[PDB]
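K.L.:
protein22.txt (compact mmCIF, N, CA and C atoms) pasted underneath:
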# COMPACT_ATOMS: atom_id res chain seq x y z
N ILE N 108 0.84 -1.20 0.00
CA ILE N 108 0.00 0.00 0.00
C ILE N 108 0.87 1.25 0.00
N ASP N 109 1.88 1.26 0.86
CA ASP N 109 2.72 2.45 0.98
C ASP N 109 3.49 2.70 -0.31
N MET N 110 3.99 1.64 -0.94
CA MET N 110 4.67 1.79 -2.22
C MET N 110 3.73 2.36 -3.26
N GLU N 111 2.47 1.92 -3.26
CA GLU N 111 1.50 2.47 -4.19
C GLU N 111 1.31 3.96 -3.95
N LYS N 112 1.17 4.36 -2.69
CA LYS N 112 1.01 5.78 -2.39
C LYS N 112 2.21 6.58 -2.88
N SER N 113 3.41 6.08 -2.61
CA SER N 113 4.61 6.81 -2.98
C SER N 113 4.72 6.95 -4.49
N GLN N 114 4.48 5.88 -5.24
CA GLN N 114 4.58 6.01 -6.68
C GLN N 114 3.45 6.87 -7.23
N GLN N 115 2.32 6.94 -6.53
CA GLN N 115 1.28 7.88 -6.92
C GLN N 115 1.77 9.31 -6.80
N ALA N 116 2.44 9.63 -5.70
CA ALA N 116 3.00 10.98 -5.56
C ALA N 116 4.03 11.25 -6.65
N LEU N 117 4.86 10.25 -6.96
CA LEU N 117 5.81 10.41 -8.06
C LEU N 117 5.08 10.78 -9.34
N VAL N 118 4.01 10.04 -9.65
CA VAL N 118 3.23 10.34 -10.84
C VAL N 118 2.73 11.77 -10.78
N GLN N 119 2.30 12.21 -9.60
CA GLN N 119 1.86 13.59 -9.45
C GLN N 119 2.95 14.56 -9.88
N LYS N 120 4.18 14.34 -9.41
CA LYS N 120 5.27 15.27 -9.71
C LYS N 120 5.85 15.08 -11.11
N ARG N 121 5.38 14.08 -11.84
CA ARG N 121 5.89 13.75 -13.17
C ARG N 121 6.27 14.94 -14.06
N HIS N 122 5.50 16.02 -14.05
CA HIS N 122 5.57 17.00 -15.14
C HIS N 122 6.95 17.64 -15.29
N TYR N 123 7.80 17.56 -14.27
CA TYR N 123 9.03 18.33 -14.27
C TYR N 123 9.86 18.07 -15.52
N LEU N 124 9.91 16.82 -15.98
CA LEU N 124 10.75 16.50 -17.13
C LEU N 124 10.32 17.27 -18.36
N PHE N 125 9.04 17.19 -18.70
CA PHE N 125 8.54 17.91 -19.86
C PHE N 125 8.78 19.40 -19.69
N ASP N 126 8.61 19.90 -18.46
CA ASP N 126 8.77 21.33 -18.25
C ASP N 126 10.22 21.75 -18.50
N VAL N 127 11.17 20.93 -18.05
CA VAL N 127 12.58 21.22 -18.32
C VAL N 127 12.82 21.24 -19.82
N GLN N 128 12.25 20.27 -20.53
CA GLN N 128 12.42 20.24 -21.97
C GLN N 128 11.95 21.54 -22.61
N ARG N 129 10.77 22.01 -22.21
CA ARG N 129 10.24 23.24 -22.79
C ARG N 129 11.15 24.42 -22.45
N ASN N 130 11.65 24.47 -21.22
CA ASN N 130 12.50 25.57 -20.80
C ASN N 130 13.72 25.63 -21.70
N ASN N 131 14.30 24.45 -21.93
CA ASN N 131 15.47 24.34 -22.78
C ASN N 131 15.16 24.93 -24.14
N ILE N 132 14.11 24.42 -24.78
CA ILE N 132 13.77 24.87 -26.12
C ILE N 132 13.62 26.38 -26.13
N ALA N 133 12.85 26.90 -25.17
CA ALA N 133 12.48 28.30 -25.20
C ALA N 133 13.71 29.19 -25.14
N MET N 134 14.54 29.01 -24.11
CA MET N 134 15.61 29.98 -24.00
C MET N 134 16.75 29.65 -24.95
N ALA N 135 16.79 28.44 -25.49
CA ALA N 135 17.65 28.17 -26.63
C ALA N 135 17.32 29.12 -27.77
N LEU N 136 16.05 29.17 -28.15
CA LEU N 136 15.64 30.09 -29.19
C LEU N 136 15.96 31.52 -28.81
N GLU N 137 15.73 31.88 -27.54
CA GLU N 137 15.95 33.26 -27.11
C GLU N 137 17.41 33.68 -27.28
N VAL N 138 18.35 32.83 -26.89
CA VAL N 138 19.72 33.30 -26.94
C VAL N 138 20.26 33.15 -28.37
N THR N 139 19.62 32.29 -29.17
CA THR N 139 19.81 32.38 -30.62
C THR N 139 19.42 33.77 -31.13
N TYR N 140 18.25 34.23 -30.70
CA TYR N 140 17.81 35.60 -31.00
C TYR N 140 18.93 36.59 -30.72
N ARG N 141 19.40 36.59 -29.48
CA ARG N 141 20.30 37.63 -29.01
C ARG N 141 21.65 37.54 -29.73
N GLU N 142 22.12 36.32 -30.01
CA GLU N 142 23.36 36.21 -30.76
C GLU N 142 23.19 36.67 -32.20
N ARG N 143 22.01 36.47 -32.80
CA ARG N 143 21.83 37.01 -34.15
C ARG N 143 21.90 38.53 -34.13
N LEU N 144 21.28 39.14 -33.12
CA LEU N 144 21.41 40.59 -32.97
C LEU N 144 22.88 40.99 -32.88
N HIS N 145 23.62 40.34 -31.99
CA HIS N 145 25.04 40.64 -31.87
C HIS N 145 25.73 40.49 -33.21
N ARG N 146 25.37 39.46 -33.97
CA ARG N 146 26.04 39.20 -35.23
C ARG N 146 25.84 40.36 -36.19
N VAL N 147 24.60 40.79 -36.37
CA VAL N 147 24.35 41.87 -37.32
C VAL N 147 25.06 43.14 -36.87
N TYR N 148 24.93 43.46 -35.58
CA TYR N 148 25.53 44.70 -35.08
C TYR N 148 27.04 44.68 -35.28
N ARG N 149 27.68 43.57 -34.91
CA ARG N 149 29.12 43.46 -35.05
C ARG N 149 29.55 43.52 -36.50
N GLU N 150 28.81 42.84 -37.39
CA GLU N 150 29.18 42.84 -38.79
C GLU N 150 29.14 44.24 -39.37
N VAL N 151 28.06 44.98 -39.09
CA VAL N 151 27.98 46.33 -39.62
C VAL N 151 29.07 47.19 -39.02
N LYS N 152 29.40 46.96 -37.75
CA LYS N 152 30.50 47.68 -37.13
C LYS N 152 31.79 47.45 -37.90
N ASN N 153 32.10 46.20 -38.21
CA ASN N 153 33.33 45.89 -38.94
C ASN N 153 33.30 46.52 -40.33
N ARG N 154 32.16 46.41 -41.01
CA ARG N 154 32.06 46.94 -42.36
C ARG N 154 32.32 48.43 -42.39
N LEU N 155 31.77 49.15 -41.42
CA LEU N 155 32.00 50.59 -41.38
C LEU N 155 33.42 50.91 -40.91
N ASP N 156 34.01 50.05 -40.08
CA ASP N 156 35.34 50.35 -39.55
C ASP N 156 36.42 50.18 -40.61
N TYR N 157 36.23 49.27 -41.57
CA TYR N 157 37.34 49.16 -42.52
C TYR N 157 37.39 50.33 -43.47
N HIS N 158 36.55 51.34 -43.26
CA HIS N 158 36.66 52.61 -43.96
C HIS N 158 37.41 53.66 -43.15
N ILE N 159 37.18 53.71 -41.84
CA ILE N 159 38.01 54.55 -40.99
C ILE N 159 39.45 54.11 -41.08
N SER N 160 39.69 52.80 -41.17
CA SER N 160 41.06 52.33 -41.34
C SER N 160 41.70 52.98 -42.56
N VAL N 161 41.01 52.93 -43.70
CA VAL N 161 41.55 53.52 -44.93
C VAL N 161 41.74 55.01 -44.75
N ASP L 5 55.88 88.52 -35.31
CA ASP L 5 55.58 87.13 -35.63
C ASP L 5 56.10 86.74 -37.01
N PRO L 6 55.95 87.64 -38.00
CA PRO L 6 56.50 87.35 -39.33
C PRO L 6 58.00 87.56 -39.44
N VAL L 7 58.63 88.23 -38.47
CA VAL L 7 60.04 88.59 -38.60
C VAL L 7 60.90 87.34 -38.73
N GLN L 8 60.65 86.34 -37.90
CA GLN L 8 61.37 85.07 -38.01
C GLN L 8 61.22 84.52 -39.42
N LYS L 9 62.33 84.47 -40.15
CA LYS L 9 62.26 84.10 -41.56
C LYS L 9 61.73 82.68 -41.73
N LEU L 10 62.15 81.76 -40.85
CA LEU L 10 61.81 80.36 -41.05
C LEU L 10 60.31 80.13 -40.99
N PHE L 11 59.63 80.79 -40.05
CA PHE L 11 58.19 80.62 -39.94
C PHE L 11 57.49 81.03 -41.22
N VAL L 12 57.81 82.22 -41.73
CA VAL L 12 57.17 82.68 -42.96
C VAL L 12 57.56 81.79 -44.13
N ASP L 13 58.80 81.29 -44.13
CA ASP L 13 59.23 80.40 -45.20
C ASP L 13 58.38 79.14 -45.24
N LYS L 14 58.24 78.48 -44.10
CA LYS L 14 57.41 77.29 -44.04
C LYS L 14 55.97 77.63 -44.40
N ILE L 15 55.49 78.78 -43.94
CA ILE L 15 54.12 79.18 -44.25
C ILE L 15 53.92 79.26 -45.75
N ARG L 16 54.80 79.98 -46.44
CA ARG L 16 54.62 80.18 -47.87
C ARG L 16 54.79 78.88 -48.63
N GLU L 17 55.75 78.05 -48.22
CA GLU L 17 55.95 76.79 -48.92
C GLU L 17 54.72 75.89 -48.77
N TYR L 18 54.14 75.84 -47.57
CA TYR L 18 52.92 75.07 -47.41
C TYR L 18 51.76 75.68 -48.19
N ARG L 19 51.69 77.00 -48.28
CA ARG L 19 50.67 77.62 -49.12
C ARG L 19 50.79 77.11 -50.54
N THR L 20 52.00 77.16 -51.09
CA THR L 20 52.24 76.63 -52.42
C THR L 20 51.80 75.18 -52.51
N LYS L 21 52.09 74.40 -51.47
CA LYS L 21 51.62 73.02 -51.44
C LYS L 21 50.10 72.97 -51.57
N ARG L 22 49.41 73.83 -50.83
CA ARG L 22 47.96 73.81 -50.85
C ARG L 22 47.43 74.11 -52.24
N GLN L 23 47.96 75.14 -52.90
CA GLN L 23 47.45 75.45 -54.23
C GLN L 23 47.79 74.34 -55.21
N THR L 24 49.02 73.82 -55.16
CA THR L 24 49.37 72.71 -56.04
C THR L 24 48.55 71.47 -55.74
N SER L 25 47.95 71.40 -54.57
CA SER L 25 47.10 70.28 -54.21
C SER L 25 45.77 70.31 -54.92
N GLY L 26 45.55 71.13 -55.95
CA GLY L 26 44.37 70.98 -56.78
C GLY L 26 44.20 69.51 -57.11
N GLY L 27 45.32 68.85 -57.34
CA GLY L 27 45.41 67.41 -57.24
C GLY L 27 46.60 67.07 -56.36
N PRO L 28 46.58 65.90 -55.71
CA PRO L 28 47.72 65.52 -54.88
C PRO L 28 49.01 65.55 -55.69
N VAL L 29 50.06 66.10 -55.09
CA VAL L 29 51.28 66.45 -55.80
C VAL L 29 52.37 65.46 -55.44
N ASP L 30 53.10 64.99 -56.45
CA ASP L 30 54.29 64.16 -56.27
C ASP L 30 53.95 62.84 -55.58
N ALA L 31 53.04 62.09 -56.20
CA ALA L 31 52.78 60.74 -55.74
C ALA L 31 54.01 59.86 -55.92
N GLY L 32 54.40 59.62 -57.17
CA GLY L 32 55.49 58.72 -57.47
C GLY L 32 55.04 57.28 -57.37
N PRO L 33 55.48 56.43 -58.31
CA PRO L 33 54.93 55.06 -58.34
C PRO L 33 55.08 54.33 -57.02
N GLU L 34 56.22 54.50 -56.35
CA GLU L 34 56.42 53.99 -55.01
C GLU L 34 55.18 54.24 -54.15
N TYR L 35 54.60 55.43 -54.28
CA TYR L 35 53.36 55.74 -53.58
C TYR L 35 52.29 54.71 -53.91
N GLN L 36 52.12 54.42 -55.20
CA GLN L 36 51.07 53.50 -55.63
C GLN L 36 51.33 52.10 -55.11
N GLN L 37 52.58 51.62 -55.18
CA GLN L 37 52.87 50.27 -54.71
C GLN L 37 52.66 50.16 -53.21
N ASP L 38 53.06 51.20 -52.46
CA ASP L 38 52.83 51.20 -51.02
C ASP L 38 51.34 51.15 -50.72
N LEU L 39 50.56 51.97 -51.42
CA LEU L 39 49.11 51.91 -51.31
C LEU L 39 48.63 50.49 -51.57
N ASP L 40 49.11 49.89 -52.65
CA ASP L 40 48.67 48.55 -53.01
C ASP L 40 48.89 47.60 -51.85
N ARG L 41 50.11 47.54 -51.34
CA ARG L 41 50.42 46.54 -50.32
C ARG L 41 49.65 46.80 -49.04
N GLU L 42 49.56 48.07 -48.62
CA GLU L 42 48.92 48.35 -47.34
C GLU L 42 47.41 48.11 -47.43
N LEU L 43 46.79 48.52 -48.53
CA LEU L 43 45.38 48.20 -48.72
C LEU L 43 45.18 46.69 -48.78
N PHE L 44 46.13 45.97 -49.39
CA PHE L 44 45.98 44.53 -49.51
C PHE L 44 45.96 43.89 -48.13
N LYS L 45 46.93 44.23 -47.29
CA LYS L 45 46.94 43.69 -45.94
C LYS L 45 45.70 44.11 -45.17
N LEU L 46 45.25 45.36 -45.35
CA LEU L 46 44.07 45.83 -44.65
C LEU L 46 42.85 45.00 -45.01
N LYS L 47 42.57 44.86 -46.30
CA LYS L 47 41.40 44.10 -46.73
C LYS L 47 41.54 42.63 -46.35
N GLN L 48 42.74 42.08 -46.47
CA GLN L 48 42.95 40.68 -46.12
C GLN L 48 42.66 40.45 -44.64
N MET L 49 43.06 41.39 -43.79
CA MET L 49 42.67 41.33 -42.39
C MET L 49 41.16 41.44 -42.24
N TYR L 50 40.53 42.32 -43.02
CA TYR L 50 39.09 42.51 -42.91
C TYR L 50 38.33 41.43 -43.66
N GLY L 51 38.52 41.34 -44.96
CA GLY L 51 37.82 40.36 -45.76
C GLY L 51 37.83 40.76 -47.23
N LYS L 52 37.02 40.05 -48.00
CA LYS L 52 36.89 40.29 -49.43
C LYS L 52 35.56 40.95 -49.79
N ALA L 53 34.84 41.48 -48.80
CA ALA L 53 33.58 42.14 -49.08
C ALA L 53 33.80 43.38 -49.94
N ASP L 54 32.70 43.92 -50.45
CA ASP L 54 32.78 45.10 -51.29
C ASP L 54 33.21 46.31 -50.47
N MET L 55 33.43 47.41 -51.18
CA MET L 55 33.72 48.68 -50.52
C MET L 55 32.58 49.07 -49.59
N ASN L 56 31.34 48.97 -50.06
CA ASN L 56 30.21 49.53 -49.34
C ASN L 56 28.95 48.67 -49.42
N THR L 57 29.08 47.35 -49.50
CA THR L 57 27.90 46.50 -49.62
C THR L 57 27.31 46.20 -48.25
N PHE L 58 26.03 46.53 -48.07
CA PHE L 58 25.31 46.28 -46.83
C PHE L 58 24.78 44.85 -46.85
N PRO L 59 25.45 43.90 -46.22
CA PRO L 59 25.10 42.49 -46.42
C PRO L 59 24.06 42.00 -45.44
N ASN L 60 23.74 40.71 -45.52
CA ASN L 60 22.89 40.05 -44.54
C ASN L 60 23.37 38.62 -44.35
N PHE L 61 22.97 38.02 -43.23
CA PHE L 61 23.39 36.67 -42.90
C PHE L 61 22.41 35.59 -43.36
N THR L 62 21.13 35.93 -43.55
CA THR L 62 20.12 34.96 -43.95
C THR L 62 20.01 33.84 -42.89
N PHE L 63 19.50 34.25 -41.73
CA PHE L 63 19.54 33.43 -40.54
C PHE L 63 18.82 32.09 -40.75
N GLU L 64 18.98 31.22 -39.76
CA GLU L 64 18.39 29.89 -39.75
C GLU L 64 18.06 29.51 -38.31
N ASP L 65 17.55 28.30 -38.12
CA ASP L 65 17.14 27.79 -36.82
C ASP L 65 17.73 26.41 -36.59
N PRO L 66 17.83 25.98 -35.32
CA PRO L 66 18.40 24.67 -34.98
C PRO L 66 17.70 23.51 -35.67
As structure tokens, how would this structure be written, given the file I've shared?

P.N.:
Amino acid sequence: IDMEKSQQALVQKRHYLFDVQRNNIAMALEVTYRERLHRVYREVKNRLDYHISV
Amino acid sequence: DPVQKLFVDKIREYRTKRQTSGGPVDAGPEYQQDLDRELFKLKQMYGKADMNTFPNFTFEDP
């Protein structure tokens, strides 16, 4: 009986795995976002800088 | 201020430089080759992109 109760509570707490998966996906996309921003900004910076060099 | 001959001398010679600068004066081929090499190293450090092309990355996803 006690084992049944305990595994029932485990089943209750089950969701954590899926939630971690979603968290991963979400902020993976987010920091992809932010690095793309960095990429464009840095590229334009370099493009404009090789004219000050000249 | 003008009494010092050297100051006025440099002044007038630079004036002449300015007027003769209607185009840059006394390049000499050495000038061109030096330009070539230094621009070459500069672009090679930077890249092979155009002078003024506004590019894009054409992003993607995982």

K.L.:
Every residue with an atom at most 12 Å from (32.7, 43.4, -38.7) (file coordinates; only C-alpha atoms) is what I'm after, so could you write them as a short mmCIF file (atom, residue, chain, number, x, y, z; two decimals) with N, CA and C atoms, keeping the file's coordinate frame?

P.N.:
data_model
loop_
_atom_site.label_atom_id
_atom_site.label_comp_id
_atom_site.auth_asym_id
_atom_site.auth_seq_id
_atom_site.Cartn_x
_atom_site.Cartn_y
_atom_site.Cartn_z
N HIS N 145 23.62 40.34 -31.99
CA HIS N 145 25.04 40.64 -31.87
C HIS N 145 25.73 40.49 -33.21
N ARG N 146 25.37 39.46 -33.97
CA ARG N 146 26.04 39.20 -35.23
C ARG N 146 25.84 40.36 -36.19
N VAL N 147 24.60 40.79 -36.37
CA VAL N 147 24.35 41.87 -37.32
C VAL N 147 25.06 43.14 -36.87
N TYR N 148 24.93 43.46 -35.58
CA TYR N 148 25.53 44.70 -35.08
C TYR N 148 27.04 44.68 -35.28
N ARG N 149 27.68 43.57 -34.91
CA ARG N 149 29.12 43.46 -35.05
C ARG N 149 29.55 43.52 -36.50
N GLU N 150 28.81 42.84 -37.39
CA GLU N 150 29.18 42.84 -38.79
C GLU N 150 29.14 44.24 -39.37
N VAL N 151 28.06 44.98 -39.09
CA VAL N 151 27.98 46.33 -39.62
C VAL N 151 29.07 47.19 -39.02
N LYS N 152 29.40 46.96 -37.75
CA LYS N 152 30.50 47.68 -37.13
C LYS N 152 31.79 47.45 -37.90
N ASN N 153 32.10 46.20 -38.21
CA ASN N 153 33.33 45.89 -38.94
C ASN N 153 33.30 46.52 -40.33
N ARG N 154 32.16 46.41 -41.01
CA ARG N 154 32.06 46.94 -42.36
C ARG N 154 32.32 48.43 -42.39
N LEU N 155 31.77 49.15 -41.42
CA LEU N 155 32.00 50.59 -41.38
C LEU N 155 33.42 50.91 -40.91
N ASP N 156 34.01 50.05 -40.08
CA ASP N 156 35.34 50.35 -39.55
C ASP N 156 36.42 50.18 -40.61
N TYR N 157 36.23 49.27 -41.57
CA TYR N 157 37.34 49.16 -42.52
C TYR N 157 37.39 50.33 -43.47
N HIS N 158 36.55 51.34 -43.26
CA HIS N 158 36.66 52.61 -43.96
C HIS N 158 37.41 53.66 -43.15
N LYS L 47 42.57 44.86 -46.30
CA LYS L 47 41.40 44.10 -46.73
C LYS L 47 41.54 42.63 -46.35
N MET L 49 43.06 41.39 -43.79
CA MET L 49 42.67 41.33 -42.39
C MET L 49 41.16 41.44 -42.24
N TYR L 50 40.53 42.32 -43.02
CA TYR L 50 39.09 42.51 -42.91
C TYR L 50 38.33 41.43 -43.66
N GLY L 51 38.52 41.34 -44.96
CA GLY L 51 37.82 40.36 -45.76
C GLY L 51 37.83 40.76 -47.23
N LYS L 52 37.02 40.05 -48.00
CA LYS L 52 36.89 40.29 -49.43
C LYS L 52 35.56 40.95 -49.79
N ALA L 53 34.84 41.48 -48.80
CA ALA L 53 33.58 42.14 -49.08
C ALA L 53 33.80 43.38 -49.94
N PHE L 58 26.03 46.53 -48.07
CA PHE L 58 25.31 46.28 -46.83
C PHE L 58 24.78 44.85 -46.85
N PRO L 59 25.45 43.90 -46.22
CA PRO L 59 25.10 42.49 -46.42
C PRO L 59 24.06 42.00 -45.44
N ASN L 60 23.74 40.71 -45.52
CA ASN L 60 22.89 40.05 -44.54
C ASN L 60 23.37 38.62 -44.35
#

K.L.:
Distance atom N of residue 17 of chain L-atom C of residue 161 of chain N, one decimal place?

P.N.:
27.2 Å

K.L.:
Using the chain letters and numbers from this document, which residues of chain L does DSSP assign to alpha helix (DSSP H), as JSON, numbers by chain?

P.N.:
{"L": [9, 10, 11, 12, 13, 14, 15, 16, 17, 18, 19, 20, 21, 22, 23, 24, 33, 34, 35, 36, 37, 38, 39, 40, 41, 42, 43, 44, 45, 46, 47, 48, 49, 50]}

K.L.:
For a test of reading the model, state the distance in Å between atom CA of residue 136 of chain N and atom CA of residue 62 of chain L, rounded to one decimal.

P.N.:
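Computing the Euclidean distance for atom CA of residue 136 of chain N and atom CA of residue 62 of chain L yields 16.2 Å.
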
K.L.:
May I ask which of the residues N:128, N:114, N:160, N:119 is the closest one to chain L, counting only C-alpha atoms?

P.N.:
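Closest to chain L of all the choices is N:160.
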
K.L.:
Can you measure atom CA of residue 61 of chain L to atom C of residue 159 of chain N for me? One decimal in Å is fine.

P.N.:
23.8 Å

K.L.:
Which is closer to chain L than all the others in N:130, N:123, N:116, N:139, using only C-alpha atoms?

P.N.:
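Closest residue, counting only C-alpha atoms: N:139.
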
K.L.:
Once you add 4 Å to each side, what are the centre and edge lengths of the axis-aligned box holding all listed atoms of segment 59-64 of chain L? One decimal in Å, as lines of an AutoDock Vina configuration file, if you can.

P.N.:
center_x = 21.8
center_y = 36.7
center_z = -42.4
size_x = 15.4
size_y = 22.4
size_z = 16.1

K.L.:
Using only N, CA and C atoms, which of L:27, L:6, L:32, L:66 sits nearest chain N?

P.N.:
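Nearest candidate to chain N out of L:27, L:6, L:32, L:66: L:66.
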
K.L.:
Can you take the partial segment 51-65 of chain L, add N, CA, C and O atoms, and return it as an mmCIF file, keeping the file's coordinate frame?

P.N.:
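The resulting file, part03.cif, is reproduced below:
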data_model
loop_
_atom_site.group_PDB
_atom_site.id
_atom_site.type_symbol
_atom_site.label_atom_id
_atom_site.label_comp_id
_atom_site.auth_asym_id
_atom_site.auth_seq_id
_atom_site.Cartn_x
_atom_site.Cartn_y
_atom_site.Cartn_z
ATOM 1 N N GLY L 51 38.520 41.340 -44.960
ATOM 2 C CA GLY L 51 37.820 40.360 -45.760
ATOM 3 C C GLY L 51 37.830 40.760 -47.230
ATOM 4 O O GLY L 51 38.549 41.674 -47.640
ATOM 5 N N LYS L 52 37.020 40.050 -48.000
ATOM 6 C CA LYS L 52 36.890 40.290 -49.430
ATOM 7 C C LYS L 52 35.560 40.950 -49.790
ATOM 8 O O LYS L 52 35.183 40.976 -50.964
ATOM 9 N N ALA L 53 34.840 41.480 -48.800
ATOM 10 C CA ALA L 53 33.580 42.140 -49.080
ATOM 11 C C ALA L 53 33.800 43.380 -49.940
ATOM 12 O O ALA L 53 34.928 43.839 -50.142
ATOM 13 N N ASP L 54 32.700 43.920 -50.450
ATOM 14 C CA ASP L 54 32.780 45.100 -51.290
ATOM 15 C C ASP L 54 33.210 46.310 -50.470
ATOM 16 O O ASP L 54 33.345 46.258 -49.242
ATOM 17 N N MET L 55 33.430 47.410 -51.180
ATOM 18 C CA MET L 55 33.720 48.680 -50.520
ATOM 19 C C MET L 55 32.580 49.070 -49.590
ATOM 20 O O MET L 55 32.820 49.456 -48.435
ATOM 21 N N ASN L 56 31.340 48.970 -50.060
ATOM 22 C CA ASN L 56 30.210 49.530 -49.340
ATOM 23 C C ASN L 56 28.950 48.670 -49.420
ATOM 24 O O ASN L 56 27.841 49.215 -49.405
ATOM 25 N N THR L 57 29.080 47.350 -49.500
ATOM 26 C CA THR L 57 27.900 46.500 -49.620
ATOM 27 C C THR L 57 27.310 46.200 -48.250
ATOM 28 O O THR L 57 27.993 45.652 -47.381
ATOM 29 N N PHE L 58 26.030 46.530 -48.070
ATOM 30 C CA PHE L 58 25.310 46.280 -46.830
ATOM 31 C C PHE L 58 24.780 44.850 -46.850
ATOM 32 O O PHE L 58 23.720 44.601 -47.448
ATOM 33 N N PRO L 59 25.450 43.900 -46.220
ATOM 34 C CA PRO L 59 25.100 42.490 -46.420
ATOM 35 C C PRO L 59 24.060 42.000 -45.440
ATOM 36 O O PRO L 59 23.553 42.762 -44.612
ATOM 37 N N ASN L 60 23.740 40.710 -45.520
ATOM 38 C CA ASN L 60 22.890 40.050 -44.540
ATOM 39 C C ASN L 60 23.370 38.620 -44.350
ATOM 40 O O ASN L 60 24.087 38.070 -45.193
ATOM 41 N N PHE L 61 22.970 38.020 -43.230
ATOM 42 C CA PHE L 61 23.390 36.670 -42.900
ATOM 43 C C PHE L 61 22.410 35.590 -43.360
ATOM 44 O O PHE L 61 22.821 34.444 -43.543
ATOM 45 N N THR L 62 21.130 35.930 -43.550
ATOM 46 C CA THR L 62 20.120 34.960 -43.950
ATOM 47 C C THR L 62 20.010 33.840 -42.890
ATOM 48 O O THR L 62 20.358 32.684 -43.113
ATOM 49 N N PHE L 63 19.500 34.250 -41.730
ATOM 50 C CA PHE L 63 19.540 33.430 -40.540
ATOM 51 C C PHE L 63 18.820 32.090 -40.750
ATOM 52 O O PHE L 63 18.173 31.849 -41.767
ATOM 53 N N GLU L 64 18.980 31.220 -39.760
ATOM 54 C CA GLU L 64 18.390 29.890 -39.750
ATOM 55 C C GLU L 64 18.060 29.510 -38.310
ATOM 56 O O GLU L 64 18.263 30.299 -37.384
ATOM 57 N N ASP L 65 17.550 28.300 -38.120
ATOM 58 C CA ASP L 65 17.140 27.790 -36.820
ATOM 59 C C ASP L 65 17.730 26.410 -36.590
ATOM 60 O O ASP L 65 18.071 25.700 -37.537
#
